[PDB]
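Listed next as structure tokens is one chain, alone, in the form deposited in one PDB entry.
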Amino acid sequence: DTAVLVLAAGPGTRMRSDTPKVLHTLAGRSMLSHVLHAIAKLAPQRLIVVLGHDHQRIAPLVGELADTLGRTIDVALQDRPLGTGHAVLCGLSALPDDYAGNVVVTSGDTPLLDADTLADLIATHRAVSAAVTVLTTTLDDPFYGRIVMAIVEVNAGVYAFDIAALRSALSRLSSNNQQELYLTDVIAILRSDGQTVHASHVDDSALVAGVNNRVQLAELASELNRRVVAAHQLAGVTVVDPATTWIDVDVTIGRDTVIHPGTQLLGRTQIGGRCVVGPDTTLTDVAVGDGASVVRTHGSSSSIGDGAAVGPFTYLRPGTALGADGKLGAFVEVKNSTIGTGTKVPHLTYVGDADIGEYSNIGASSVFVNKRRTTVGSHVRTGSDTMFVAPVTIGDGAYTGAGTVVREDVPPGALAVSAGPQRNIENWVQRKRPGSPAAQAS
């Protein structure tokens, strides 16, 4: 039996933020969520999180996280900002007084720490019957106090403890130094009691790296990102420039797709196999089938079918569904609309809140204007500069003239027109502009 305490109670001062440090995000999850996902993979019997400013936070634990993870996470509060030693004391109150098992202590600002690293700590600790084991790592420039004697190779800030050793070393602890009670002092107290102080060493330094400021945040965002890219590359995805390709965790991509530079794939986006994600593409929660091209596109909450072509310069808003072999071309925007198999919207148009059938063609520079919705049939051909004033129904195989405004329904196989006929005014430019265009004409 192991109880895990996450200390998330500090102020996060040097973030210079009105957003609590621990709720700051990277690769798709907040630091706290990254911390709790790794620990939940470990599955200890008791998992407890300790808080300071607690109203914003407590809501997202358990509420959202204990559910998403399908387990209980207890929360303990820390009324006075006493320090990490006291925080640990606050977390222990949530255990039955007669609690038997080990206690592992961690923070909420190490977003890379993983279940294996935690498991190895617990394993070394039971192996040597320890009392206390402390995780460490070795660096180039130590700042990160420093490391078994004691603590001022640095200290990771992650500990396994014997509950009886811990409760006792804590009962006898002071303050004078910042003016708080550190947990590091538990190591020196148990050394006085002639206790065994063990230390599990982590070769991979970035797994236990913490975030105190926005410079360090960007660093770990960067390292985590390299590791998600390299995992996709090794499964069969070409990433031309891993330095300018941000891929969130969860995002899935398949065999032989090519990802070109300047691309972010975010949230729960999925890419099928054999795709081309061109350059400068940003997709959050977008699903793409196999053999599709998505180039210079900014899109979210949408789906793009197999062998379809989107880009360059296309904007997809929430609720867009484009069928297989479909096309959205340059300078098009689509919001909350369904577009069938094989249909093409190639240029300078906006399609909002409509449904379009299959193998239809929408002419350049058109607009769907506004609970009824416009509906357009299959094999329909609309001419350039058509405005579709909602709601309106266009039947299968219908056509529209260039420069038409559609305000009424159009039957299957009718041509809808409105533009007046062309008149030429001979020698106008000679008379109304004498100079320039006038000459030529001459």
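Quick note: we count residues from 1 along the sequence shown, nothing fancier. Definition used throughout: the rigid core is the maximal C-alpha set that superposes within 1.5 Å between two forms.
According to the entry, the deposited sequence has no residues without coordinates between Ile163 and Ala164, so the chain runs continuously there. Count the deposited residues lacking coordinates between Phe143 and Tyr144 and you get 1 to 3 of them. Look at the C-alpha B-factors of 260-268 and of 211-219. On average they run higher in 211-219. Mean CA B-factor, 63-71 versus 373-381: the higher value falls on 63-71.
Note on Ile339, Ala364, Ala94, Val286: the highest value goes to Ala94, judged by CA B factor as recorded. Placement of the Cα temperature factor of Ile58 within the chain: highest third of the modelled residues, per the deposited record. The PDB entry assigns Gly157 a C-alpha temperature factor belonging to the middle third of its chain's modelled residues.
Ranked within its chain, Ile187 lands in the highest third, by CA B factor from the PDB record.
Compared with the other modelled residues of the chain, the Cα B-factor recorded for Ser205 ranks in the middle third.
Ranked by C-alpha B-factor against the other modelled residues of its chain, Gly401 falls in the lowest third.
Although not depicted, the form deposited in another entry is the subject of the following passage.
Core-superposed comparison between this form and the one not shown: among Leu47, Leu61, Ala398, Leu51, the single residue whose C-alpha moves by 2 Å or more is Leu61. In the other entry, the Cα atoms of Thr19 and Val62 sit 3 Å or more nearer to each other than they do here. A decrease of at least 3 Å in the separation of the C-alpha atoms of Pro318 and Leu61 is found in the other entry, compared with the displayed form.
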